[PDB]
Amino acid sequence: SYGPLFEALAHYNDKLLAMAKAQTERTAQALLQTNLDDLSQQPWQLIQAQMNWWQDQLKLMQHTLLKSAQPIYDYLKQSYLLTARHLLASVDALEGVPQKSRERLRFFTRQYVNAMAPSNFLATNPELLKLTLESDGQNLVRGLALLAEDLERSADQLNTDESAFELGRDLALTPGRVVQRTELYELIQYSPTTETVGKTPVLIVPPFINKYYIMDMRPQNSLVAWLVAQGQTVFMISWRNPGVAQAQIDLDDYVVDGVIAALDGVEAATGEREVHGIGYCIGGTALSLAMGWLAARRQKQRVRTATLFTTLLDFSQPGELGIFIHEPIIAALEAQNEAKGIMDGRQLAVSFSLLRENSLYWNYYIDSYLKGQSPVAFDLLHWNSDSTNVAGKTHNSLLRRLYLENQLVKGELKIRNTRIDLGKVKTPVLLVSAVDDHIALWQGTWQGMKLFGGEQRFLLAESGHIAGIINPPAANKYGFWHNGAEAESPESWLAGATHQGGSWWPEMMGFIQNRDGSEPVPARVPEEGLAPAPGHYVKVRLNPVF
């Protein structure tokens, strides 16, 4: 029963043989472009050393599992020889590599290795599971505090700087201008790449947990740059990394002084009172709460369409994050957040990982390398560790009002003393979720869809929270499921769904356009504004780099 695995390894071994042919021809051609006066990528042999381990360990496992029907040690001895062969071949393959690149790979390998160990994160820590296993009361807080301060202190002492990525050069490099800056955000308007653009502009509301540039990573996988290339004027909210000065900022402020203020900022830049809204994770929650706020107060509609990525409105199924949703734990965090003023992102980093794609190594290290790309896994790892703080009041509200009491579903949620009913929102909504998502379980995102009072569409994408959402059409990598019909259950919806391979981005673009008709307007060249894109807020790091 090893056929499909040897087939996958054989497929990669042939793609690697072709690349070695390319590098050999590349090194020879570089010798031609030489002058007498003058004084990055990893070697294919480094990947070949890893490919040989996977093949030899599988062969040894198959050989000793047919021999099964001494025995434990002999397999161990042969597997240690494979590890030793792997150490020698890797060190050899990095012979001509400059020391700086070696420390880069040593850095990114250590991130990957630490991230794939469940004990390194509180949400998947087995010892913390024992405490929650109906074992105790308030010591749970102390037991949780010991694990957190130990996981943190381990990451403190681990915390290389120079060998990193620079925002605006390597990531988040879509041309544009910062056209408005307030306490909570920097509003970026991106430069056009088309002669004509749509009249109704696009406003992207990112999550305030982690930074926005997951949606503008590199030109090949940038949602922002793809949207601009589809003739859309694209605006991005770039949240401030909050400090102690932002301690009293609440979820209500992000809705009103954030999304709503950004909508007004779009009107100042374009003259349009209505925008197409796109929201990701807690930003998708903030976008929905902004629509409910406007509708409850009978304000004129300002969102023509709304696409929500991995957005939780019903928190009944919190996933692994449910381990923290217990009154003693929530109360203890509320005390810390009031005293410290913020929830440290570096503490949130040891609590849970927003990046747990099941195939980060194979699809975004090995596959991206063989596609001629700088490993996308390095970029993803940089983003997951570019932690943001969370304002203490906002984090308390997220913990209690949404995760614990589920106020939005129950109709008890109030934003600036205005009760929020999503049934009054008539904006058409498209919810795009991911089947392997571990932060916003796709069944729970489905449940929130019925809360809206207008047109409702749902798309289920293959893969997880990041990989499934940030899937550019040119990649041709995954698929999605579409069902226009209404259903009584998440499972019934899937049963009636149809599967399509590739990116779901064109479906979102179809959803946005079919609504608009409105004539294409001349391309909007962004005003000079306050600063070039990306802003200053996105570069503020919790562990500063030099």
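Throughout, we count residues from 1 along the sequence that is shown.
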item: Gap size between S492 and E491, counted in deposited residues that the entry leaves unmodelled; value: none
item: Between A69 and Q70 - deposited residues without coordinates, as a size class; value: 10 or more
item: Average Cα temperature factor in the PDB entry - higher stretch of 271 to 279, 124 to 132; value: 124 to 132
item: 198 to 206 or 351 to 359, whichever carries the higher mean Cα B-factor; value: 351 to 359
item: Most elevated Cα B-factor in the entry, residues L460, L146, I470, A93; value: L146
item: Residue with highest C-alpha B-factor in the PDB entry, from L184, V234, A335, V432; value: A335
item: Chain-wide C-alpha B factor ranking for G454, given as lowest, middle or highest third; value: lowest
item: Position of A497 among the chain's modelled residues by C-alpha B-factor, lowest, middle or highest third; value: middle
item: Modelled-residue ranking by C-alpha temperature factor, third containing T34; value: highest
item: Position of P522 among the chain's modelled residues by C-alpha B-factor, lowest, middle or highest third; value: highest
item: Lowest, middle or highest third - CA B-factor, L16; value: middle
